[PDB]
Structure formats: C-alpha cells, structure tokens
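Peer 1: What follows is upload_6.pdb, PDB, N, CA and C atoms.
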ATOM      1  N   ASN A   2      81.714 124.131 131.244
ATOM      2  CA  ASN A   2      80.575 124.513 130.409
ATOM      3  C   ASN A   2      80.797 124.171 128.923
ATOM      4  N   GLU A   3      82.052 124.201 128.455
ATOM      5  CA  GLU A   3      82.370 123.756 127.096
ATOM      6  C   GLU A   3      82.188 122.244 126.983
ATOM      7  N   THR A   4      81.419 121.793 125.991
ATOM      8  CA  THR A   4      81.133 120.364 125.928
ATOM      9  C   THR A   4      82.397 119.568 125.608
ATOM     10  N   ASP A   5      82.464 118.358 126.156
ATOM     11  CA  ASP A   5      83.578 117.484 125.833
ATOM     12  C   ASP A   5      83.568 117.102 124.369
ATOM     13  N   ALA A   6      82.400 117.178 123.718
ATOM     14  CA  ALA A   6      82.292 116.942 122.283
ATOM     15  C   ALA A   6      83.028 118.019 121.482
ATOM     16  N   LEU A   7      82.796 119.294 121.806
ATOM     17  CA  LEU A   7      83.546 120.355 121.145
ATOM     18  C   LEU A   7      85.029 120.267 121.485
ATOM     19  N   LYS A   8      85.349 120.039 122.764
ATOM     20  CA  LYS A   8      86.737 119.874 123.189
ATOM     21  C   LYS A   8      87.420 118.746 122.418
ATOM     22  N   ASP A   9      86.762 117.583 122.333
ATOM     23  CA  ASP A   9      87.340 116.450 121.614
ATOM     24  C   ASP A   9      87.509 116.770 120.135
ATOM     25  N   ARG A  10      86.515 117.428 119.531
ATOM     26  CA  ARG A  10      86.643 117.817 118.132
ATOM     27  C   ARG A  10      87.895 118.655 117.923
ATOM     28  N   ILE A  11      88.063 119.702 118.743
ATOM     29  CA  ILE A  11      89.218 120.585 118.637
ATOM     30  C   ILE A  11      90.514 119.810 118.853
ATOM     31  N   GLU A  12      90.534 118.910 119.842
ATOM     32  CA  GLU A  12      91.733 118.119 120.124
ATOM     33  C   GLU A  12      92.112 117.183 118.976
ATOM     34  N   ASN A  13      91.174 116.816 118.115
ATOM     35  CA  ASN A  13      91.512 115.852 117.085
ATOM     36  C   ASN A  13      91.686 116.475 115.711
ATOM     37  N   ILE A  14      91.629 117.803 115.609
ATOM     38  CA  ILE A  14      91.805 118.435 114.306
ATOM     39  C   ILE A  14      93.183 118.110 113.748
ATOM     40  N   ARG A  15      94.237 118.329 114.548
ATOM     41  CA  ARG A  15      95.595 118.123 114.051
ATOM     42  C   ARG A  15      95.909 116.636 113.888
ATOM     43  N   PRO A  16      95.518 115.767 114.831
ATOM     44  CA  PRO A  16      95.687 114.328 114.576
ATOM     45  C   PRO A  16      95.054 113.863 113.275
ATOM     46  N   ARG A  17      93.855 114.354 112.950
ATOM     47  CA  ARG A  17      93.170 113.912 111.739
ATOM     48  C   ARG A  17      93.858 114.422 110.473
ATOM     49  N   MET A  18      94.420 115.625 110.512
ATOM     50  CA  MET A  18      95.204 116.129 109.395
ATOM     51  C   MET A  18      96.409 115.239 109.135
ATOM     52  N   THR A  19      97.030 114.750 110.213
ATOM     53  CA  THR A  19      98.163 113.841 110.050
ATOM     54  C   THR A  19      97.728 112.511 109.438
ATOM     55  N   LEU A  20      96.586 111.976 109.883
ATOM     56  CA  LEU A  20      96.058 110.746 109.300
ATOM     57  C   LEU A  20      95.674 110.954 107.847
ATOM     58  N   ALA A  21      95.032 112.080 107.543
ATOM     59  CA  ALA A  21      94.716 112.379 106.154
ATOM     60  C   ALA A  21      95.970 112.323 105.295
ATOM     61  N   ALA A  22      97.062 112.910 105.785
ATOM     62  CA  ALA A  22      98.313 112.888 105.041
ATOM     63  C   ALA A  22      98.847 111.470 104.903
ATOM     64  N   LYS A  23      98.721 110.660 105.963
ATOM     65  CA  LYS A  23      99.155 109.265 105.893
ATOM     66  C   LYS A  23      98.350 108.497 104.856
ATOM     67  N   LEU A  24      97.052 108.805 104.758
ATOM     68  CA  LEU A  24      96.188 108.121 103.808
ATOM     69  C   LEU A  24      96.572 108.472 102.374
ATOM     70  N   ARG A  25      96.897 109.741 102.109
ATOM     71  CA  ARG A  25      97.385 110.113 100.783
ATOM     72  C   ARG A  25      98.664 109.363 100.426
ATOM     73  N   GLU A  26      99.547 109.153 101.405
ATOM     74  CA  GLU A  26     100.789 108.442 101.128
ATOM     75  C   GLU A  26     100.535 106.991 100.781
ATOM     76  N   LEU A  27      99.419 106.424 101.243
ATOM     77  CA  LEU A  27      99.074 105.038 100.961
ATOM     78  C   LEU A  27      98.445 104.858  99.592
ATOM     79  N   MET A  28      98.038 105.938  98.946
ATOM     80  CA  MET A  28      97.234 105.806  97.735
ATOM     81  C   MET A  28      97.922 105.084  96.556
ATOM     82  N   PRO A  29      99.225 105.312  96.305
ATOM     83  CA  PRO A  29      99.884 104.529  95.244
ATOM     84  C   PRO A  29      99.734 103.017  95.425
ATOM     85  N   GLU A  30      99.965 102.494  96.627
ATOM     86  CA  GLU A  30      99.833 101.055  96.801
ATOM     87  C   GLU A  30      98.367 100.636  96.785
ATOM     88  N   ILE A  31      97.479 101.462  97.351
ATOM     89  CA  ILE A  31      96.051 101.144  97.308
ATOM     90  C   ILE A  31      95.571 101.049  95.859
ATOM     91  N   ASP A  32      95.946 102.032  95.035
ATOM     92  CA  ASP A  32      95.555 102.038  93.628
ATOM     93  C   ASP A  32      96.041 100.782  92.912
ATOM     94  N   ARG A  33      97.289 100.376  93.161
ATOM     95  CA  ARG A  33      97.819  99.157  92.559
ATOM     96  C   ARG A  33      96.958  97.942  92.912
ATOM     97  N   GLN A  34      96.686  97.739  94.204
ATOM     98  CA  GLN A  34      95.954  96.549  94.631
ATOM     99  C   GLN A  34      94.510  96.583  94.171
ATOM    100  N   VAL A  35      93.919  97.772  94.153
ATOM    101  CA  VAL A  35      92.509  97.915  93.839
ATOM    102  C   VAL A  35      92.263  97.670  92.357
ATOM    103  N   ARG A  36      93.196  98.078  91.498
ATOM    104  CA  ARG A  36      93.066  97.755  90.086
ATOM    105  C   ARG A  36      93.368  96.287  89.805
ATOM    106  N   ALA A  37      94.055  95.603  90.712
ATOM    107  CA  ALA A  37      94.288  94.176  90.574
ATOM    108  C   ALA A  37      93.104  93.356  91.069
ATOM    109  N   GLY A  38      92.042  94.006  91.538
ATOM    110  CA  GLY A  38      90.867  93.307  92.000
ATOM    111  C   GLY A  38      90.589  93.390  93.489
ATOM    112  N   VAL A  39      91.403  94.077  94.286
ATOM    113  CA  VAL A  39      91.045  94.245  95.688
ATOM    114  C   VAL A  39      89.902  95.246  95.779
ATOM    115  N   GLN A  40      88.873  94.902  96.558
ATOM    116  CA  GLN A  40      87.665  95.714  96.663
ATOM    117  C   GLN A  40      87.914  96.973  97.493
ATOM    118  N   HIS A  41      87.294  98.091  97.094
ATOM    119  CA  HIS A  41      87.383  99.309  97.907
ATOM    120  C   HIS A  41      86.887  99.054  99.325
ATOM    121  N   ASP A  42      85.748  98.366  99.446
ATOM    122  CA  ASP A  42      85.160  98.069 100.745
ATOM    123  C   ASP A  42      86.131  97.324 101.650
ATOM    124  N   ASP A  43      86.978  96.468 101.075
ATOM    125  CA  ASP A  43      87.929  95.718 101.888
ATOM    126  C   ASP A  43      88.980  96.641 102.488
ATOM    127  N   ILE A  44      89.509  97.565 101.688
ATOM    128  CA  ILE A  44      90.503  98.496 102.210
ATOM    129  C   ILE A  44      89.866  99.452 103.211
ATOM    130  N   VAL A  45      88.632  99.886 102.942
ATOM    131  CA  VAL A  45      87.950 100.778 103.866
ATOM    132  C   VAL A  45      87.744 100.094 105.213
ATOM    133  N   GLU A  46      87.408  98.802 105.209
ATOM    134  CA  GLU A  46      87.284  98.074 106.472
ATOM    135  C   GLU A  46      88.599  98.080 107.255
ATOM    136  N   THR A  47      89.723  97.817 106.577
ATOM    137  CA  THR A  47      91.016  97.820 107.260
ATOM    138  C   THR A  47      91.334  99.200 107.831
ATOM    139  N   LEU A  48      91.064 100.250 107.057
ATOM    140  CA  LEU A  48      91.249 101.611 107.538
ATOM    141  C   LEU A  48      90.365 101.898 108.746
ATOM    142  N   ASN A  49      89.109 101.434 108.717
ATOM    143  CA  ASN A  49      88.160 101.754 109.788
ATOM    144  C   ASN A  49      88.440 100.960 111.055
ATOM    145  N   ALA A  50      89.189  99.867 110.947
ATOM    146  CA  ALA A  50      89.622  99.110 112.111
ATOM    147  C   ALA A  50      90.923  99.642 112.705
ATOM    148  N   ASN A  51      91.512 100.689 112.128
ATOM    149  CA  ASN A  51      92.834 101.110 112.563
ATOM    150  C   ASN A  51      92.949 102.624 112.616
ATOM    151  N   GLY A  52      91.865 103.307 112.992
ATOM    152  CA  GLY A  52      91.932 104.721 113.313
ATOM    153  C   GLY A  52      91.545 105.696 112.216
ATOM    154  N   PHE A  53      91.232 105.233 111.012
ATOM    155  CA  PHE A  53      90.814 106.126 109.937
ATOM    156  C   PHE A  53      89.307 105.996 109.810
ATOM    157  N   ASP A  54      88.567 107.072 110.089
ATOM    158  CA  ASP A  54      87.109 106.993 110.045
ATOM    159  C   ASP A  54      86.517 107.280 108.652
ATOM    160  N   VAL A  55      87.338 107.254 107.605
ATOM    161  CA  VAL A  55      86.901 107.491 106.233
ATOM    162  C   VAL A  55      85.724 106.585 105.848
ATOM    163  N   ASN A  56      84.794 107.119 105.052
ATOM    164  CA  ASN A  56      83.770 106.285 104.432
ATOM    165  C   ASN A  56      84.136 106.009 102.968
ATOM    166  N   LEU A  57      83.302 105.207 102.308
ATOM    167  CA  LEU A  57      83.586 104.798 100.937
ATOM    168  C   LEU A  57      83.651 105.992  99.994
ATOM    169  N   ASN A  58      82.764 106.974 100.182
ATOM    170  CA  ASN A  58      82.787 108.169  99.340
ATOM    171  C   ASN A  58      84.082 108.944  99.521
ATOM    172  N   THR A  59      84.509 109.129 100.770
ATOM    173  CA  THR A  59      85.720 109.891 101.026
ATOM    174  C   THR A  59      86.943 109.146 100.530
ATOM    175  N   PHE A  60      86.996 107.837 100.777
ATOM    176  CA  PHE A  60      88.087 107.016 100.268
ATOM    177  C   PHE A  60      88.220 107.160  98.754
ATOM    178  N   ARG A  61      87.100 107.101  98.032
ATOM    179  CA  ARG A  61      87.170 107.191  96.575
ATOM    180  C   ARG A  61      87.654 108.566  96.132
ATOM    181  N   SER A  62      87.236 109.623  96.843
ATOM    182  CA  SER A  62      87.741 110.975  96.590
ATOM    183  C   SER A  62      89.262 111.030  96.626
ATOM    184  N   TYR A  63      89.854 110.523  97.710
ATOM    185  CA  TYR A  63      91.307 110.491  97.809
ATOM    186  C   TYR A  63      91.898 109.709  96.653
ATOM    187  N   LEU A  64      91.282 108.575  96.317
ATOM    188  CA  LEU A  64      91.795 107.740  95.243
ATOM    189  C   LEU A  64      91.713 108.464  93.907
ATOM    190  N   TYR A  65      90.574 109.108  93.639
ATOM    191  CA  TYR A  65      90.425 109.862  92.399
ATOM    192  C   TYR A  65      91.438 111.001  92.321
ATOM    193  N   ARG A  66      91.623 111.739  93.423
ATOM    194  CA  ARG A  66      92.595 112.830  93.436
ATOM    195  C   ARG A  66      94.010 112.322  93.201
ATOM    196  N   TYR A  67      94.395 111.241  93.884
ATOM    197  CA  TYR A  67      95.696 110.642  93.616
ATOM    198  C   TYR A  67      95.855 110.347  92.126
ATOM    199  N   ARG A  68      94.822 109.748  91.519
ATOM    200  CA  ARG A  68      94.895 109.343  90.119
ATOM    201  C   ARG A  68      95.032 110.540  89.179
ATOM    202  N   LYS A  69      94.276 111.616  89.416
ATOM    203  CA  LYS A  69      94.431 112.811  88.591
ATOM    204  C   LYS A  69      95.850 113.353  88.686
ATOM    205  N   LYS A  70      96.335 113.566  89.906
ATOM    206  CA  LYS A  70      97.688 114.086  90.074
ATOM    207  C   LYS A  70      98.729 113.138  89.470
ATOM    208  N   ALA A  71      98.483 111.824  89.540
ATOM    209  CA  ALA A  71      99.428 110.855  88.989
ATOM    210  C   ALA A  71      99.476 110.925  87.467
ATOM    211  N   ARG A  72      98.313 110.972  86.814
ATOM    212  CA  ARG A  72      98.300 111.066  85.358
ATOM    213  C   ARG A  72      98.960 112.359  84.868
ATOM    214  N   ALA A  73      99.078 113.380  85.724
ATOM    215  CA  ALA A  73      99.664 114.670  85.339
ATOM    216  C   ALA A  73     101.149 114.765  85.683
TER
END
Let's see the structure in the file written out as structure tokens.
Peer 2:
Amino acid sequence: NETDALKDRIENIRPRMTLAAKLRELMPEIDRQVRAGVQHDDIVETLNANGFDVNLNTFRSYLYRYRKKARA
C-alpha cells in the first residue's frame, strides 16, 4: 500500500546527503575553472549525466556558499 515513490524517496535520502557532500568537496576546483571561463551550464550537464540531479539554481547556491565560507 505504501507507494514505491515514497519508498524510493526514503531510500535515497542518505545517498543524496552523501552526494551533496561530494558536491561541496568539488566546489574549490569548480570555482577555479568557472572563473577561468568554464560555463556553469557545462558543469551542471556533467553533474546531471553522473548521478547529481542539481539544477542551475541549486548549483549556484553551493558555489555562492563555498565562496562566502572561502572569503572568511
């Protein structure tokens, strides 16, 4: 009776937290390449082809947060 959609959501909570953490670890190198002229959309495409369902807004959020913490 429990939908496979709710079941799948629950099953992927912890996997997604791990991916979120992996994405934060990538931010220093992403920031370097992106300020050198690599497009945000290009990195988002690579992420979306390899298990990270982030959109452009969410990607920029992580990038902005990395940058604030870095400047501090």
Peer 1: Write out as a PyMOL selection string the residues lying within 8 Å of range 22-28 of chain A, counting only N, CA and C atoms and excluding same-chain residues fewer than 4 positions away.
Peer 2: chain A and resi 16-18+32-34+63-64+67-68
Peer 1: Rounded to one decimal place, report the atom C of residue 46 in chain A-CA of residue 73 in chain A distance in Å.
Peer 2: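 So the two atoms, atom C of residue 46 in chain A and CA of residue 73 in chain A, lie 29.6 Å apart.
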Peer 1: Going by DSSP on the backbone, which residues of chain A come out as helix (DSSP H, G or I)? List them as a PyMOL selection string.
Peer 2: chain A and resi 5-12+14-36+41-49+57-72
Peer 1: Mind pulling up the distance from CA of residue 29 in chain A to CA of residue 71 in chain A?
Peer 2: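 Calculated distance between CA of residue 71 in chain A and CA of residue 29 in chain A is 8.9 Å.
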Peer 1: Expressed in Å to a single decimal, how great is the separation between CA of residue 55 in chain A and CA of residue 37 in chain A?
Peer 2: 21.8 Å
Peer 1: Centre and edge lengths, as lines of an AutoDock Vina configuration file, for the axis-aligned box enclosing every listed atom of range 35-44 of chain A with 6 Å of padding on each of the six sides, in Å to one decimal?
Peer 2:
center_x = 89.7
center_y = 96.4
center_z = 96.5
size_x = 21.1
size_y = 18.1
size_z = 25.4
Peer 1: Please enumerate the residues selected by the PyMOL selection byres (((chain A and resi 41 and name CA) around 10) and name CA) when evaluated against the supplied file, formatted as a list in words.
Peer 2: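 For this structure, the PyMOL selection byres (((chain A and resi 41 and name CA) around 10) and name CA) captures residues 31, 32, 34, 35, 36, 38, 39, 40, 42, 43, 44, 45, 46, 57, 60, 61 and 64 of chain A.
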Peer 1: Once N, CA, C and O atoms are restored for range 29-46 of chain A, what would the output be as a compact mmCIF listing (two decimals), in the coordinates of the input?
Peer 2:
# COMPACT_ATOMS: atom_id res chain seq x y z
N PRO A 29 99.22 105.31 96.30
CA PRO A 29 99.88 104.53 95.24
C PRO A 29 99.73 103.02 95.42
O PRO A 29 99.38 102.31 94.47
N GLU A 30 99.96 102.49 96.63
CA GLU A 30 99.83 101.06 96.80
C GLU A 30 98.37 100.64 96.78
O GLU A 30 98.03 99.57 96.25
N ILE A 31 97.48 101.46 97.35
CA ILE A 31 96.05 101.14 97.31
C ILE A 31 95.57 101.05 95.86
O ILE A 31 94.87 100.10 95.48
N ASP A 32 95.95 102.03 95.04
CA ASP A 32 95.56 102.04 93.63
C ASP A 32 96.04 100.78 92.91
O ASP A 32 95.29 100.16 92.15
N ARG A 33 97.29 100.38 93.16
CA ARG A 33 97.82 99.16 92.56
C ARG A 33 96.96 97.94 92.91
O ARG A 33 96.51 97.20 92.03
N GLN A 34 96.69 97.74 94.20
CA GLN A 34 95.95 96.55 94.63
C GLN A 34 94.51 96.58 94.17
O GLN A 34 93.92 95.55 93.85
N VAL A 35 93.92 97.77 94.15
CA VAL A 35 92.51 97.92 93.84
C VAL A 35 92.26 97.67 92.36
O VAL A 35 91.25 97.07 91.98
N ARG A 36 93.20 98.08 91.50
CA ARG A 36 93.07 97.76 90.09
C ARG A 36 93.37 96.29 89.80
O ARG A 36 92.97 95.77 88.75
N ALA A 37 94.06 95.60 90.71
CA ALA A 37 94.29 94.18 90.57
C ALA A 37 93.10 93.36 91.07
O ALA A 37 93.16 92.12 91.04
N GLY A 38 92.04 94.01 91.54
CA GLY A 38 90.87 93.31 92.00
C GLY A 38 90.59 93.39 93.49
O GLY A 38 89.60 92.80 93.94
N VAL A 39 91.40 94.08 94.29
CA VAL A 39 91.04 94.24 95.69
C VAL A 39 89.90 95.25 95.78
O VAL A 39 89.94 96.30 95.14
N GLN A 40 88.87 94.90 96.56
CA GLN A 40 87.66 95.71 96.66
C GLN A 40 87.91 96.97 97.49
O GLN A 40 88.65 96.94 98.48
N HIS A 41 87.29 98.09 97.09
CA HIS A 41 87.38 99.31 97.91
C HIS A 41 86.89 99.05 99.32
O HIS A 41 87.52 99.47 100.30
N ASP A 42 85.75 98.37 99.45
CA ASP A 42 85.16 98.07 100.74
C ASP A 42 86.13 97.32 101.65
O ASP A 42 86.10 97.51 102.88
N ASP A 43 86.98 96.47 101.08
CA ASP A 43 87.93 95.72 101.89
C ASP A 43 88.98 96.64 102.49
O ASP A 43 89.32 96.52 103.67
N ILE A 44 89.51 97.56 101.69
CA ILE A 44 90.50 98.50 102.21
C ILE A 44 89.87 99.45 103.21
O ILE A 44 90.47 99.78 104.24
N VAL A 45 88.63 99.89 102.94
CA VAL A 45 87.95 100.78 103.87
C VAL A 45 87.74 100.09 105.21
O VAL A 45 87.93 100.71 106.27
N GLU A 46 87.41 98.80 105.21
CA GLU A 46 87.28 98.07 106.47
C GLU A 46 88.60 98.08 107.26
O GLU A 46 88.61 98.31 108.47
